[PDB]
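Q: Here it is: the structure, laid out below.
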Amino acid sequence: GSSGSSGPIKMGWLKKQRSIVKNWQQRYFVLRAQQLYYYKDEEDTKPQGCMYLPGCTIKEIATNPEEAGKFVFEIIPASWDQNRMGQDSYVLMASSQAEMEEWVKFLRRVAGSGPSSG
């Protein structure tokens with residue numbers, strides 16, 4: 001359809017895993033059109049990271065093996081094999097499930113829509 005102006009679809013503070021650290025960074029994630037963005041705060045007007053929904057892979061990651069009931073999921077961008085430099089998925093984690101379910105839902109949803117007439 002058409003998507004000129006209106007705003008995002010889903011927004012919330014999500015925890016994104018650092019680059020090469022076992023820490024989580026609580027940032028403000030926003031879902032606008034067919035692209036996932038995330039800002040440090042809800043003040044700035046410039047998106048940090050941008051992930052193409054229409055070409056990503058939402059994989060539900062599980063914490064410990066023993067532990068049960070975890071809402072963790074990482075987003076894998078398109079083209080990832082011949083990159084022996086720097087290209088790690090987007091390890092995102094939500095506080096509550098209902099939250100992770102929605103995010104993923106939307107994320108996966110939009111991601112669903114792609115170049116395929118069937």
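Labels used: A, B, ... for chains in the order of the structure tokens, numbers from 1 for residues in each chain, and numbers from 1 for ligands as shown.
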So which bits of chain A end up helix (DSSP H, G or I) when you DSSP the backbone, as a VMD selection string?

A: chain A and resid 97 to 112

Q: Please identify which residues in segment 40-106 of chain A DSSP calls strand (DSSP E or B) from the backbone, and express them as an MDAnalysis selection string.

A: chainID A and resid 49:51 56:61 72:77 90:93

Q: With a distance cut-off of 9 Å and only C-alpha atoms, select the neighbouring residues of residue 103 of chain A, excluding the residue or stretch itself and same-chain residues fewer than 2 positions from it, and output the selection as a PyMOL selection string.

A: chain A and resi 10-12+31+94+98-101+105-108

Q: Given only C-alpha atoms, how would the per-residue table for segment 11-38 of chain A near segment 47-71 of chain A read, listing every residue at most 6 Å away with its closest atom pair and distance in Å to one decimal, sorted by chain and number, as CSV?

A:
```
residue,atom,partner,partner_atom,distance
A:34,CA,A:53,CA,5.6
A:35,CA,A:52,CA,4.9
A:36,CA,A:51,CA,5.0
A:37,CA,A:50,CA,4.9
A:38,CA,A:47,CA,5.8
```

Q: Pick from A:118, A:1, A:77, A:112: nearest to residue 91 of chain A, with only C-alpha atoms counted?

A: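 Among the listed residues, the smallest separation from residue 91 of chain A belongs to A:77.
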